[PDB]
Structures are given as C-alpha cells and as structure tokens.
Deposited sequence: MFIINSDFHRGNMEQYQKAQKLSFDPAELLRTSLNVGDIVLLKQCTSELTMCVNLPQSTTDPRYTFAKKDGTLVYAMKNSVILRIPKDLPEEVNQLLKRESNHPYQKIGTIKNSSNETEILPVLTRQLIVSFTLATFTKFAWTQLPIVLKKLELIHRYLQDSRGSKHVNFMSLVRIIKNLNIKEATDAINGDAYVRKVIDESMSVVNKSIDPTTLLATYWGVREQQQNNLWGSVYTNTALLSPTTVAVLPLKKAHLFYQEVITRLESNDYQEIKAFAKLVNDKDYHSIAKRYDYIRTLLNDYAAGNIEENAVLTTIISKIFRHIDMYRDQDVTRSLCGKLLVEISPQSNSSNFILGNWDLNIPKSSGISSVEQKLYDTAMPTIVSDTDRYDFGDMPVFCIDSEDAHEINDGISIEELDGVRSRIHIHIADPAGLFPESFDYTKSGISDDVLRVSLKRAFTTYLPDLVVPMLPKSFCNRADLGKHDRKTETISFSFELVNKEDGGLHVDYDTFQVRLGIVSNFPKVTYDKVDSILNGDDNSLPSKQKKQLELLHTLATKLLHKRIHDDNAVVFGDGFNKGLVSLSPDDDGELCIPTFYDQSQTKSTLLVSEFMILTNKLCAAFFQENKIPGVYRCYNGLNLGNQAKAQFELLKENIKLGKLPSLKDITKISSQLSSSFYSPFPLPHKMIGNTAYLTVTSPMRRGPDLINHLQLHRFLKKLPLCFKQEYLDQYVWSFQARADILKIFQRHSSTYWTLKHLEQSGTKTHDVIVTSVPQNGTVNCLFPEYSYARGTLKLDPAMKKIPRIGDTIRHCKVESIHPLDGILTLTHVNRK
C-alpha cells in the first residue's frame, strides 16, 4: 500500500484510520481516531502527530486518505510522522514542478480549472531534467499519459496540496475545492500568469512606492468625494476592490494588507474590519450609479461570461445551430403533460398515461432529446468527442441557475429545438414506457418486463403548470377536457402509492415541513434588484412529477447495469456513526414509516448526521431514494450526467459502438462533481447575499434555532423563516443550549452580506 485508488473515496465514508488534513491544522497531518458519539456533540475526534486530539466537524476535513493503548498512540503518531516526512522531502521539488507545469496548463485568457487528481499524477510522473531539455514534447507526453493505473500516491498528494496553497499566494492557482461527500479535493483553477500573477505584482509595486504615495493620493480623492479622477487615474484600484468583493483574491495576504492601508487612510472606513462587504460599499461608492451590484458575479470560479475564455465560447454559442438533422416511434396525438412553472427555461420532461384496465396503467415519460442534435449520437467512425458545442457543453457541466441569472449548459438555438411543450409541433423525445398494476393490498407493482426505451415523437402538449394542475385537482379549474383531467387524477393517485412504497419498502428517507422556506427570487425595479422570498411548495403536482422522475431514474439504473452500459450514477453513502448516534438517527427513520415526517427542528438535530449525494461512474446505492442505484436521465439539457447517459442510449438503441468506454467516464465524473460543488456554493453564496441585503433593508429582533456546539463561547444558528440567513450568536456567559434549540428574542450585532456574516447577541 504505497498508492491508493481514488475509487475507495467513493466507496468509503469518513472513518477511523483515515488520514486527514483539517482546516484548523493545514500544515500538520491528523488522523481520525473517534467518531461522533451523540447528537449532543457530533464531531469527529482526530489525533495529531503529538498525540494531542482534535474534535472537528466532518467538513473541516480538507483531504482524506482512506484506511494495548500505548502501542496505538505510538503507531498513530509514528504513522503521521512518516507521511509528513516523506511529504516534506518532495515539497521543494514539487514547488519547482508546479511553477513549471503551471506554464503548460495555464491559459493566457483567464482562469481555467483542472482535476486535482490529474494534477497530482503529473507531479509524480514528471522528471524535471527531461522537461527542460530543448526536446516540451516530453511534458505534453506526461500530461496525456496521466490517463491510465489510476492510483494515487498519498505523499505526493499532500505535497501538491501544500505546494498549491503556497503558490496560491502568488495568484498562480485558485481555490482548491473539496467535495463534501468524498471529503477530497476535486479541482483547482490555474490562473493566467500575465493577467493575474503579473498584473497584481505591478499593482503592489505601484501602490507602495514613495511610501504608499498612490494609496495616499487615492484616499484623498475619496475623502474629497472626487470620484471622477478615480475613474481616469485609479481604475486599477477599482479592479482590486472588485477582485476582493467577488472572492477572487481573498487569499492573497499582501493584497489584504494593501487594502487595510487604504481603508486606514479613508475617513468613513478607517476603523472597520476589512470585509468583502466593505470593499463592496466602497467600490459601489466610487463607480457610476447602479441599481444593484452583486459582485459575487465577478467570481472567476463561478465563471460567468464577462473578455476571457467563456466570452470566447459564448461567441460560438450565439451563432451555433444544430444542423445535425430518423427512425422514431410516433405517439401521435396522445397528450403529453409538461408540468413546469410559469418562469421555466428548459422543458426536459413530459408524462403520458394510458389506462388499459382498472388494474393496469401504461406510463410514458418523454424526455427531450438534446443528445440527438450532435453527430456523436450516431457516429461510430470517430471515437471520443469531435464537436465544439458538445465539448463546451460538457465543460459547463450543468446549467447555472442563480437568483440573479441563468447560464444554460447548451446554446439557445439547441434549446428551442430540443424543448418539449411546444403544442402541435412534431417533437423528438427519448421515451421510457412501462406498466403499473394496482395490487390487492391497495399497493402497486411495476412490471419491469414492460419497461421499454424508444426514440419517439409527440406533438399534443396540454398547457399546464404545477398551479393549474393543483387547482384542477381541487376542482377549482375545469378548462381541460374531462379525459385529460382524469389522466391527472390517475397519475396523482399512482404517485401516492409510489411514494408510500418507497418509504415502507425501499426505506427511502423523505423530508417533512419547514425545510425550504425563504428562498430567494429577485423582483425588478422602477433591473432585477428586489428580493422576494418564498417557500418551495410540496403539493399534489410536485408530488406527482417528482415520484415519476425518481422512478424513471431508478429504472435506467437497472437498465444500464443489466445491459452492461457505462453510466453516470448519483449515489449517497451516509456516514459512519457512533452506536448511540446511530440510534438517534434510526429512531427518526421509523417515524417516517409510522406517519410523522421530521420537522426541521428535528432535522437540525439529525442534520449533524447526514452526508451529501455524489456522482459516480459505477452503481452505488442512493440510500435516500431507496436501497438501489440511481441514474439521472430526466434532465439532459441542464445536467451533464443525464446528457451523457443519453448519448450512451443513442448508441445502444441503434446497436452502435458505445460513445464512452468506462475509462473516459471517470474523467468526466470528476469534471462534473467539481462543477457541481462550485454551483452549490455559489448558489448558497448569492442567495445568502440577497437574504442578508433584505434583512439590512428591513431593519434588530428575530427567533433562531441553534445548530452547533459552542466554539469560543459561540454557537451557529439559522433562521426558521429564512434558509440562507445563517449566522453566529455570542452566548450569554451568565448561564449552554443544545442543537435544535430555539431562541426567540435575539439582538443583531453586524451584517456583512458579500461575506455571509451574520452576528447576534443574547
């Protein structure tokens, strides 16, 4: 065991024996020595080289290496020491490689990510002496050769991480993202030498010369409120403030000091902690009157198009057209229900039912077929991907949905063509058909032998929204044909039994009330700048739609496995938990069978025992949805995993050579999981920004629920009324509260929206 397989990360959860890097101890190795014991305290116990323990949140783990009292302490310590030693020895050599291959990976035009693993492999497999010979070809040989085994050397891994954190300080690499489920790094940006490293070197130089004269000249202009000259003269400083508020340079400490000096020289801002919000306030103050300014949108990793690389790609997307334009089953005038919101972009799904008997119904799930618009759907002559629009699409591994804006994974042209829901238009689908039988027990049974996958056509699309459907199933609405209206009631009654089945039979875990309140929508102004809040609805139509997609996705799992097809699955492992905690958890899991579903107060206590879901190149149980594999196909225009599962289908159904061998898959799943993580983050970050910006506009008291153990006399908390208003409370020393506890009257200390900071007193 000198190397390990990245796959054991997916197969395993955090467990004792794991060797970790913590956010606390980024420069010392640690090792998990105990798991959480209760809901009262859900932290893991880690041991340092010194035998000193550390208790930390599962998510404080930045990277993970999978697996007589004194002997145990001794072997724990000597192990950690050995790994550190061999790690340190490589490090001066690794820094040299990092600077070097940074020359080959960099793109001159903007930030560009790379799989962190692929990167580690290059570090290991590279000879500096051969790379410097006047016969480059070598380096490119090592990079392509990174694809093979796929095993990874832990010490090189550790050293590379350390090397990157070091060269991060020179604006050579972006942040290292650590996936929540695997607890391991996924990707890191490679920032351009001239546009970021070098630019900020010249900035620092020009600002410190003649004892910070230009800092001084600038701060004067600000105090004299002459914003005009700032524009002509000091735009490089606006840039700097911008890169701080957006979160691009928040890790370069020189620049933070520079910024401290500037605030120190400005009257209003002089005494205040240097926070992105504060850079935002200033930058707003010295820039022409806007209506809103979400600066998170400037973030390089969020990677919205602004000049750059993505600005190049959208120049293609704007003029791209799916001229790839044949043996499909036609469903005729059979009606297809596309139950989406009024404010929807991509219509990926439709439902059709045929009532055959009182006992039996046949179901058709018509998924848009974006895979069809590309030569790769059918072309067995060329292995891999030749197409521009397709490579780009897979790079934007999902559509980016934010309260501010949306960035579709696919071009507008391809979306109009592939979209469902266009009435009386012959519309290509991929359709999954099967039959359900009502069972004697009142239950329901699914005939997998009915299950069928076909390339179809549909054209009869009833106009429907989750609301219209709901008012229909209440009787409020009767604008629909009685034949159509009854297919809905039938579908709704089928889902109810599907859901009841998933709970009692698949031991699925399904959430109750309160879980998605105060979500964020922008409203426009006298410009989308007004936040309005809502709850995600759990209704008859959502229940209907959801139950079927879940089922569709479960079945393609079965299909891909039985036919030995490489697919992108979505998995969920859960946590390794202490025996007393596993009972606190299990006690809640029987409550869902019995009829009570968990409250968010109840979930807060449980939330300290949950994992997150992750994509995988091979089947693993998604242990929430049920006890079985799960492969997402229902949203091929907005999820890359689904989109890839479709190209495999096109190949298979036309009995062609498949598009992807299993090896090409692991590379993409890494690419996808990376982009998935970034998006979860920036979704939370922006909505938080807006939750807080509203709490600012609204003006001192609110009720909260405790969500953490006191660390330095302070707890984490959340607002029941708002999902993205998470803060910290300074506990009153006069008295300690448990997790899930409510505190009704609380004083607001500070609010920093661009930073996500919310502070309170009791």
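Residues of the deposited sequence lacking C-alpha coordinates, counted from 1, fall in the stretches 1-20, 88-121, 190-191, 205-206, 365, 385-386, 588-589, 763, 800-801, 829-832.
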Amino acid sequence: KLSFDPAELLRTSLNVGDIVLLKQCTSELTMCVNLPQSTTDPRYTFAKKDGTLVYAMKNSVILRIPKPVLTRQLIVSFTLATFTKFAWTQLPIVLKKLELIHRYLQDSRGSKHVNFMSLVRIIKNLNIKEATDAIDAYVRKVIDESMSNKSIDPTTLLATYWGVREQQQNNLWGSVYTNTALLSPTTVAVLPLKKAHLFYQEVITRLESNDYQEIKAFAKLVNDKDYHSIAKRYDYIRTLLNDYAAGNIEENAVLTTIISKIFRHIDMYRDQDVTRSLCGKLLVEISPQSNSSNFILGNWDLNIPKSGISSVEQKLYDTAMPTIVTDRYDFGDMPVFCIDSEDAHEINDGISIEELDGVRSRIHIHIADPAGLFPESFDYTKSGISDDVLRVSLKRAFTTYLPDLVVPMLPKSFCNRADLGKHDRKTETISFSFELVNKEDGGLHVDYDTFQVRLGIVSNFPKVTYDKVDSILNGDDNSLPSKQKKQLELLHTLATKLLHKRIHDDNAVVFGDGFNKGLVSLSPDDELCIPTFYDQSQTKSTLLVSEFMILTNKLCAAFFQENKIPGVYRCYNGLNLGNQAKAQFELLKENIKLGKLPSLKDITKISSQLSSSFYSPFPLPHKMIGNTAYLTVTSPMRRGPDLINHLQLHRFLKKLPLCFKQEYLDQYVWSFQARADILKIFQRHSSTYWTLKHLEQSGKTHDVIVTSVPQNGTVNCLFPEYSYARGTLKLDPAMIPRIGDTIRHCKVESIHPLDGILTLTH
From here on, numbers count along this sequence of modelled residues.
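For the segment pair 660-668 and 365-373, the entry gives 660-668 the higher mean B-factor, averaged over Cα atoms. Between the stretches 121-129 and 567-575, it is 121-129 that shows the larger average CA temperature factor.
Set against one another, the Cα B-factors of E166, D235, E214, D271 in the record reach their highest point at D271.
As recorded in the PDB entry, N507 shows the highest C-alpha B-factor of the residues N223, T688, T257, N507. When the CA B factors of the chain's modelled residues are split into thirds, the value for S723 lands in the highest one. Among all modelled residues in its chain, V748 ranks in the highest third by Cα B-factor. Sort the chain's modelled residues by C-alpha temperature factor and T45 lands in the middle third, per the entry.
Remark: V706 belongs to the middle third of its chain, ranked by C-alpha B-factor as recorded.
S479: CA B factor lies in the highest third for its chain, per the PDB record.
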